[PDB]
Amino acid sequence: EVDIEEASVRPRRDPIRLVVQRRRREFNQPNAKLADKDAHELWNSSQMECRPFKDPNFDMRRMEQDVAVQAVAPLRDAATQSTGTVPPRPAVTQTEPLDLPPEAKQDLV
Amino acid sequence: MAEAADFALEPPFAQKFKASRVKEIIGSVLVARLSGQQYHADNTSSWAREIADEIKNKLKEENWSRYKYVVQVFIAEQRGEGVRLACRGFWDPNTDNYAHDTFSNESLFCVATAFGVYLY
Amino acid sequence: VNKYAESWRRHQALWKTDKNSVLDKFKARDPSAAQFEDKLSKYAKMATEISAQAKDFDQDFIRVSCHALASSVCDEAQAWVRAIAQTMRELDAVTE
Amino acid sequence: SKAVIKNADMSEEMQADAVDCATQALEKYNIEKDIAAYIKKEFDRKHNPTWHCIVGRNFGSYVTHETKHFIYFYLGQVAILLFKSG
Amino acid sequence: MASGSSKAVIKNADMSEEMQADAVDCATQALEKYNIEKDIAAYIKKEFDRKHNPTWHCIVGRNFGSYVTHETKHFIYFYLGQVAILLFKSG
Amino acid sequence: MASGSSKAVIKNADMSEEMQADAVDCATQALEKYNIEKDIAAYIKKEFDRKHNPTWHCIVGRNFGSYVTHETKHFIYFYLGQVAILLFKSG
Amino acid sequence: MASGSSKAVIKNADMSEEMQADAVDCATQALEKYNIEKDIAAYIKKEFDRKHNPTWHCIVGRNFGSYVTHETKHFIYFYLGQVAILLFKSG
Amino acid sequence: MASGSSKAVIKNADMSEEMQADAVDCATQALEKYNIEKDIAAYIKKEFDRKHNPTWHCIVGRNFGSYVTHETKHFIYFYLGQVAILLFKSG
Amino acid sequence: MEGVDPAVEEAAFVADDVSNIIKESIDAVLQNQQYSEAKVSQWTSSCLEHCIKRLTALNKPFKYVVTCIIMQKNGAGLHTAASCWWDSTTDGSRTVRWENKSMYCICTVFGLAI
Amino acid sequence: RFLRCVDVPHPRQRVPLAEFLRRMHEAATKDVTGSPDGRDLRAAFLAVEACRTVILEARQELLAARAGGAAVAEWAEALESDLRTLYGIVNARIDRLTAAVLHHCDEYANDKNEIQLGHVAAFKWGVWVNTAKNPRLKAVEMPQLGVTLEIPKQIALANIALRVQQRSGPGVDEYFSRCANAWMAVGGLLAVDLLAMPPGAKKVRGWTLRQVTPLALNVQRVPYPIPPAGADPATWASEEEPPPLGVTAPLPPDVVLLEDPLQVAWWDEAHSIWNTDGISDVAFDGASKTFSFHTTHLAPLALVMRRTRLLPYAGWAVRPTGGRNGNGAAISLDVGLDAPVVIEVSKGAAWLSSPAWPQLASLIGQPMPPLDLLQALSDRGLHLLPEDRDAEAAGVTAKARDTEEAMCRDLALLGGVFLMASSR
Amino acid sequence: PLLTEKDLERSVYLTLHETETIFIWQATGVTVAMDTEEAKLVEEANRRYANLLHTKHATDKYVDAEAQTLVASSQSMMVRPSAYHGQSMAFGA
């Protein structure tokens, strides 16, 4: 019981989603200069080590172990919908001559 | 220099970070560097540095434009220590991608990981 | 017309291949029910395709009725289907 | 002849496209049947068929059109009707 | 022949990126070789039963709604241009 | 309310007769309560998973094409009016 | 007589790399030997009980979740074809 | 999966009868307590680690053919409802 | 000590702040925890989540990558090295190791400007 | 409707109508935090107009309702369910639009730090955001809704937003099937809402970092008063009635004071009535048709008249006008009002003839069905469609519906042939 | 098509997503610190597991049992109206 309510890995919060927006003309910066930084350069920042201590040397012949078996992970139900336009709307169309106002006609007169 | 009008924000599918290709690169580096190698604490750090440098160089040779490459190599002695390695990121998943591989012999075990984050 | 008639010979295997020999070869390998179903479905689908293709073909000034030909080939495929179920039921009867 | 939009379930850009295509059809043709044929084929090429076009000065119609896929206008005194369906 | 590769619009995919790309390429080949939706589905299903073993299921269409159970990392639903393609492993 | 159950026309059925009747009735209720095809498919799929043991798969729509593998005596495809409904048990 | 067209994905293994290569070879040989996954697991088990410090329980199947107390330096879990294999020792 | 009880179709039970009843009970509580195959397997494993002198190995799944060794009067395989479970003591 | 431009610092990698975030995230999950094989995965997930949430709360135009490895203390030697190809004017990285009487926990954070 | 090609399904399309309704709801609740799609006013006003049309049709079908009995009862229940869904959809769509707008406050900010946005369709909407915290600002005038507001020192000292929404016209009120005893809204609904500042975006080197917020998904409501620069308005409030916000807004130019004395109220949501308490300085300028009131509770506000103000009607006197046979009539009503309201009715359609007020001029002489005529009169606001819970409130025996309808039909068989008079 | 001035001035929205906890490697580590009572417990577990091995080896206690796990036609269906006809016409000419 407590074995799995301890072993099981459950997220403690939702993933954080961020939107960054910038003007299209502001992209394509020529100053972007990707450069090499080897592990010897990153020795003070990335290249760490855990030296094997010999005096304590507490390594033991552990013999019992359990492994999380999944095989095929639990199958997921998937709902998919393929739709085009929203339902069509009818229309009324009738031919009718168009004419300028008699006020405009008299103006031209 | 390319103007913002024709500057494609998304990489071409031929230039996209190929997870399988990076798997192959990392596996080739691990095989070339650690196959038959016994654990040596004084040599392990240098071996990890060389593996990371080789993987980064091969990723650069892949010539995927605007793809920053981050390579991390863990090599540890196989004394039977319980190891739990995990990662968690926060980026744009549309263009950024990841790959990793593992090697293990009778003395040492190594995990080499390469992340390609797209530049805009 | 001759080209159209020869086009129907792409299915000549059904009436030119020895059913007994094919069935003996299939059974000598201790075939699974999956392979039995695969063969049965293949013969059934080709039979249905022939039945759907049982149509009159108009070449210039001559119409061509493949109704007899298509019916015969469909019957051949149905016999192919039947002499699989026959062996399968005989095996079931022996086991029972 | 200014396009006199009587009815429009459209967008502005492809209304302008419809006006331009109808103008080209009128320039190239002299029969309402041919003008409608040109309009319909061009709009199938451009804007996801199937469309339907009716050109003429004497017709009354009631059709059901997909949303944002309908226009009914006058070029001069010629009535041109477009609607997407099927 | 013009390479009119309609950019696949991945709507909902549970697989890896490389296998999704392989699915897109297989769909492109299917639409190149056939013109019937059943033919497209059969080609994709046979190709992916040759690659990733049976059983796969492919539905090709433009107006359909589906609710199926798919194996983990064995699902995709996308649009190859105006053609909607659904693939899922079940069986 | 009027029983707007259109005449179900069965095209392809590897089923029992009672199973076909149950499928027709379930599709009738699905169309009566839902017009979204994925919701119709979900209702039919969950109903038949509860009734006849998972997992079934339902595809509902007006324009589609499919090529799927089904269990024997676990397959049906029909129309209820103008709507195409496909059901198959696989996996 | 049987085989899988999927690369062997060794998710985890408490056993050396060459040991895992031998495990993959044994699993493949079992596949060509038998058509029943029970017999696949049985042959893999007997091979690594006569070769690899018995007793190596083998489980071959598509979907299953388990805990087993595998003896240390005597475990592998690997997907091959469409069947995952838990090949461990507890005897 | 979650339920209140299920029918454990025991194909073979190298057990005592009272501890078969214990297996039925423990699998039953696992069903409602947990929702995963690995979870139910671990629940049964811990149940008989507390009850019957560890260590027991338990496997829960859908489709898997396996062959294992154990100790006599401490082996069982049963298709508990919708999940097949192999429970056996083997040290 | 000259005054750094706040605008530049808002888009510049702060190694000290990243290291403090990593240390506090590690201590919030592992400071008083003895090594447990069952709970080590949840501990790693919690440390990664704390690092990610704090880096996001920093609110900088940087994509963040956090990796955490927890190894049991038994005398086994572990050595790491990282080589990266990027623009080293704004981006950065930081590796922090913490230990108790039971485990070593190494967390590496990479911040890369968008 | 078919000729009009109305963009919505009629209530006679139960399943299609409901599906359209909740797919409107999905569109309104769709996440648009990362795109300017939800920042378009018309994107919400389209759904608002659609819902107004559905509300009009549903009210038309429900007023007539207000085996056959059970069928009409369930049809009614469906009609009010549709109305509630429409109200919820409108509210959710407006909240989504405002949330999307405020999710880009860093870009929507102006030089004054006082942002003023308005839009008039039927429905007037306005948002004013005061990020300047000017302590000497005591009066806020928004011409897009024609409103003037005397604000307290709380808004002057605190940075808040304020939204005013005036729904007027047919199908804009709900507190006649929602109100409890005797109140209703008159002249439309005025929803005034206080808004706290949502988490804004961060601008770094041109880059604008923007995090998803529940306030970015939808907006909330804050009742009166406004916190004095660091309080909690939702829980904490001034125990004394806070300085009443004097709201002078243009009443629709078709409403005249009929509540004696004139009253404005805030909708007592927790009490299901129109709470005139806390609504002081109730005045009505008839030369410009503007209702002024000082409110201490920001909520749905409206001029309010008693549902029993004209109940019971003192009498009715209907004469024949269709000649010898029954084809027309004219009814003079003493409804407790000064002028005897005379309506000329004929087969199918009724039209007012007197009083000849310009506010009712649109229905005087308008040949159209009497049911919809009373509906349009109640649109301006009139208790001409009473309820039983209003009859017993007025203290008269609410005639049982069967008896009332039978008596109606019996006299209508006699209408243009006999003289009818009210009995005290 | 070439982007115009308004397109260049348009602010491009980019979205950053927090990834899940991506577990990379889980070594099947075999040890506990013998300087600790935790390893005392794990070592007594190891010795009891060795005793389990001995008990299993002791007698005819290796009997097993069979598990015959016995627990597929591909049909092609088509959904088409397949009825289109482009037709032109002149009216009243």
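Does residue J:43 satisfy the condition of being assigned to a helix (DSSP H, G or I), closer than 28 Å to residue K:17 by Cα and not charged (D, E, K, R)?
Yes: the conditions hold for residue J:43.
Test residue H:60 against the stated conditions and say whether it is more than 12 Å from the chain's Cα centre (by Cα), within 8 Å of chain G (Cβ to nearest Cβ) and of a type in the set (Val, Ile, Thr).
Judged against the criteria, residue H:60 is not a match.
Quick check, is residue I:81 in a strand (DSSP E or B), buried (at least 16 other Cβ atoms within 10 Å of the Cβ) and not polar (S, T, N, Q)?
yes
Could you tell me whether any residue of the range A:27-43 is away from chain I (no Cβ under 11 Å), of a type outside the set (A, V, I, L, M, F, W, C) and under 30 Å from residue I:89 (Cα atoms)?
yes
Could you look through the range J:1-56, keep only residues that are closer than 14 Å to residue J:84 by Cα and basic (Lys, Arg), and pick out the one that is nearest to the chain's Cα centre (by Cα)?
J:52
From (1) out of contact with any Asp or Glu (no Cβ under 9 Å at 6 or more places or on another chain); (2) closer than 20 Å to residue G:65 by Cβ, pick out the condition that doesn't hold for residue H:3.
Going through the list (1) out of contact with any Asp or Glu (no Cβ under 9 Å at 6 or more places or on another chain); (2) closer than 20 Å to residue G:65 by Cβ, residue H:3 breaks only (1).
So, restricting to strands (runs of 3 or more DSSP E) that lie completely within the range J:288-339, which ones have at least 1 residues that are touching a strand residue (DSSP E or B) at 6+ places or on another chain (Cβ under 9 Å), within 19 Å of residue J:277 (Cβ to Cβ) and among the polar types (S, T, N, Q)?
The strands (runs of 3 or more DSSP E) meeting that bar are J:290-295.
Residue by residue, here is whether (1) assigned to a strand (DSSP E or B); (2) in contact with a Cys (Cβ under 7 Å, 6 or more places away or on another chain); (3) within 14 Å of chain I (Cβ to nearest Cβ) holds:
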residue: A:3; (1), (2), (3): no, no, yes
residue: A:11; (1), (2), (3): no, no, yes
residue: A:62; (1), (2), (3): no, no, yes
residue: A:80; (1), (2), (3): yes, no, no
residue: A:97; (1), (2), (3): no, no, no
residue: A:100; (1), (2), (3): no, no, no
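Determine if the range H:66-79 includes at least one residue that is within 30 Å of residue K:58 (Cβ to Cβ), under 11 Å from the mean Cα position of the chain (by Cα) and charged (D, E, K, R).
No, the range H:66-79 has no match at all.
Mind checking which residues of the range D:61-86 are part of a strand (DSSP E or B) and of a type in the set (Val, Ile, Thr)?
Scanning the range D:61-86 gives D:63, D:64, D:71, D:78, D:80.
Is the range J:356-363 home to any residue that is of a type in the set (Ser, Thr, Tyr) and under 30 Å from the mean Cα position of the chain (by Cα)?
Yes; the residues of the range J:356-363 include at least one that is of a type in the set (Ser, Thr, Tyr) and under 30 Å from the mean Cα position of the chain (by Cα).
Out of everything in the range I:33-48 that is part of a loop (DSSP other than H, G, I, E, B) and either of a type in the set (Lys, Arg) or farther than 12 Å from residue A:8 by Cα (or both), what residue ends up being farthest from the other protein chains (Cβ to nearest Cβ)?
Taking the candidates together, the pick is I:33.
State the number of residues belonging to the range G:1-32 that are part of a helix (DSSP H, G or I) and touching a helix residue (DSSP H, G or I) at 6+ places or on another chain (Cβ under 9 Å).
7
Given (1) at the interface with chain E (Cβ under 10 Å from one of its Cβ atoms); (2) under 19 Å from residue K:79 (Cβ atoms), where does residue F:76 come up short, assuming only one miss?
Residue F:76 satisfies all of (1) at the interface with chain E (Cβ under 10 Å from one of its Cβ atoms); (2) under 19 Å from residue K:79 (Cβ atoms) except (1).
State all residues of the range I:1-32 that are within 14 Å of chain J (Cβ to nearest Cβ) and either part of a helix (DSSP H, G or I) or under 17 Å from residue I:70 (Cβ atoms) (or both); if no residue qualifies, say none.
I:6, I:7, I:8, I:9, I:10
Please note which strands (runs of 3 or more DSSP E) are completely contained in the range B:63-120 and include at least 3 residues that are more than 7 Å from chain K (Cβ to nearest Cβ).
B:67-77, B:97-104, B:108-118
When you look at residue J:48, is it closer than 29 Å to residue J:118 by Cβ, in contact with a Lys or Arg (Cβ under 9 Å, 6 or more places away or on another chain), aliphatic (A, V, I, L, M) and away from chain A (no Cβ under 14 Å), yes or no?
Spelling it out, residue J:48 is indeed closer than 29 Å to residue J:118 by Cβ, in contact with a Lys or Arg (Cβ under 9 Å, 6 or more places away or on another chain), aliphatic (A, V, I, L, M) and away from chain A (no Cβ under 14 Å).
Only residues that are surrounded by fewer than 14 Cβ atoms within 10 Å (Cβ to Cβ) and not aliphatic (A, V, I, L, M): list them for the range J:107-133, please.
Listed by number, the residues that qualify are J:110, J:111, J:112, J:113.
Going through the range G:36-91 one residue at a time, which ones are of a type in the set (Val, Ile, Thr) and either within 19 Å of residue A:65 (Cα to Cα) or assigned to a strand (DSSP E or B) (or both)?
Selection gives G:55, G:59, G:60, G:68, G:69, G:72, G:76, G:83, G:85.
Restricting attention to the range B:1-56, report how many residues are within 14 Å of chain I (Cβ to nearest Cβ) and either assigned to a helix (DSSP H, G or I) or closer than 22 Å to residue A:49 by Cα (or both).
27
Does the range D:19-37 contain at least one residue that is surrounded by 13 or more Cβ atoms within 10 Å (Cβ to Cβ), away from every other protein chain (no Cβ under 11 Å), of a type outside the set (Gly, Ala, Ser) and under 28 Å from residue J:3 (Cβ atoms)?
Yes: the range D:19-37 contains one or more residues that are surrounded by 13 or more Cβ atoms within 10 Å (Cβ to Cβ), away from every other protein chain (no Cβ under 11 Å), of a type outside the set (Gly, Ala, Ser) and under 28 Å from residue J:3 (Cβ atoms).
Any read-out appearing in this document is the output of simple, stated calculations on the displayed coordinates, not a laboratory observation. No Cβ is skipped: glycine too gets one built from the backbone with ideal geometry, and neighbour counts run over all protein chains shown.
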